[PDB]
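Below you'll find only one chain, the form deposited in one PDB entry, shown as structure tokens.
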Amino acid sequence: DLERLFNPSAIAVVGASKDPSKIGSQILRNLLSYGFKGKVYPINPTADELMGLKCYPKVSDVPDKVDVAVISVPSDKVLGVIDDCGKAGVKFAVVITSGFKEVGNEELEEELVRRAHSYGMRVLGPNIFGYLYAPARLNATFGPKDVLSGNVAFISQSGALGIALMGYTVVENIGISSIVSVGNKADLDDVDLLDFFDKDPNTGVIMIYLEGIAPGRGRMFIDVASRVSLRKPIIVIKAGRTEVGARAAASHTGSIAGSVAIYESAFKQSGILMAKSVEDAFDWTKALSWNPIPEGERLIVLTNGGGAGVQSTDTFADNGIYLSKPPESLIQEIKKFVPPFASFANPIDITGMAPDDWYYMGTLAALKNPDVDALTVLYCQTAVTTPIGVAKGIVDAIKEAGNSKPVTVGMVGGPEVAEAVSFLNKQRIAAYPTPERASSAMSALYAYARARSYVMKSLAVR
């Protein structure tokens, strides 16, 4: 159980000093600025006090039960700190420090875990940049000081790319409930964390950067990931999707590349969506974070540009999603205002003449129709419209529809479109600057529906 890891009463920081460039010092600083409300105990042998907080030379000296110890001492000092933390009854050792199995010092790593376990203490890492948990106002990383608040839990086996992506979440307007750097995964790993995030009402989506899992861990990974997938979508950025990439990953991690093919199959059985890229991972995470899954296959594409419509159709087709005629009721409704040469084959082409308010009317009509399950709205900037006007129309239609059907938006144009897109995403409406990306995102919603259904079937009582 990881409740006290993510919601500790007391955190000790081992490796903080008067020098603000030290990793431990960065972490203490983040911990204070992000607004941790529990007790923080800087641990330094000589400092009497750090950042206005009373410093202690050992965790065992703290007159309090320290739930979590963040350790950023040199590798040859780590085990010593582990024994002291162990003496103090620390439950969790967050071992920041690198220089273990990833550089070939496997024996040190195993010793670390053994010693920690003989105290009933679990280890996160080593070789990690920390972890963050927004519901507890807890930023125990030396990464960015802040993240946008939300329901996404991001776990990364990669330190550098992980801590960078932590920053990238802000840019891509992804609300985060948690960041976890698991690094070498010597003890606590993806399965343990999925168990916590399963039970976590603050977390609605889980995104994992994953290079590999430990031998003998796979079946439990499938069991837990599948159960999670019944309620919360899991996206995995699989590193080492190729033999050469797997080889690069083995170099980075210090651990052998497992079978690509079996990993993919395990992902399928777990109901997990495998992303081939960061962009796809983030695009899908956005959509999945802000939309329900579709209740049926009646997807409507609404576009003022046929070309955008075709790009969308091709992209949906590449993901095995095919459009059929819209409901007749919807066609007649939209015919009230569109020109006679508007196309109603799906995509519904309301022509490039469409002013802003047609987008409100069309989006509303679609979303209200009981035979429409999902809507992808495409927009091509022309002078008869304003991007922000179209965006506000979409927002108004969504509000007014007062239901929740999946919606993604694709807007192509200049700087005014970039701002409209930013605006939408800030309202938590999945918007992208190309028709293909919006459709890719909508496809993620449907893919999750199918993954969920796969797992449901696979768990059926026989």
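Only residues modelled in both forms are compared. What we label the rigid core is the largest C-alpha set whose atoms superpose within 1.5 Å from one form to the other. Note that residue numbering follows the sequence shown and begins at 1.
Undergrad: 422-430 versus 52-60: which one carries the higher mean Cα B factor per the record?
TA: Between 422-430 and 52-60, it is 52-60 that shows the higher mean C-alpha B-factor.
Undergrad: Averaging the C-alpha B factors as listed in the entry, name the stretch that ends up higher: 245-253 or 307-315.
TA: Taking the mean C-alpha B-factor of 245-253 and of 307-315, the larger value falls to 245-253.
Undergrad: For the CA B factor values reported in this entry, which option in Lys238, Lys77, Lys286, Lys268 has the top one?
TA: That would be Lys77.
Undergrad: Take the CA temperature factors straight from the PDB entry and tell me which of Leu138, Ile179, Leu108, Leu302 peaks.
TA: In this record, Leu108 carries the highest C-alpha B-factor of the candidates.
Undergrad: Would you please rank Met411 by its C-alpha temperature factor against the other modelled residues of its chain and give the third it falls in: lowest, middle or highest?
TA: Lowest third - that is where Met411 ends up once the chain's C-alpha B-factors are sorted.
Undergrad: Sorting the chain's CA B-factors, does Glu172 end up in the lowest, middle or highest third?
TA: CA B-factor rank for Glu172: lowest third.
Undergrad: If you rank the chain by CA B-factor, which third does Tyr379 end up in: lowest, middle or highest?
TA: CA B-factor rank for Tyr379: middle third.
Undergrad: Lowest, middle or highest third: where is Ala342 by C-alpha B factor in its chain?
TA: Within its chain, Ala342 is a highest-third residue by C-alpha B-factor, going by the deposited values.
Undergrad: Tell me, lowest, middle or highest third: where does the Cα B factor of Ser226 rank within its chain?
TA: Tercile = middle for this residue's CA B-factor.
Beyond the structure shown, there is the form deposited in another entry, which is absent from this document and is the topic of what follows.
Undergrad: Once the rigid core is superposed, exactly one of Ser255, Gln269, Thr386, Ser289 has its CA displaced by 2 Å or more between the shown form and the other one; which residue is that?
TA: After core superposition, the one over threshold is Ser255.
Undergrad: Would you tell me if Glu243 moves between the shown form and the other one by 2 Å or more at its C-alpha, with the rigid core held superposed?
TA: After core superposition, the C-alpha of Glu243 moves 2 Å or more between the shown form and the other one.
Undergrad: Run through the residues found in both forms and list the stretches of 3 or more in a row whose CA moves by 2 Å or more between the shown form and the other one, fitted on the rigid core.
TA: That run whose C-alphas all shift by 2 Å or more is 243-258, the only one.
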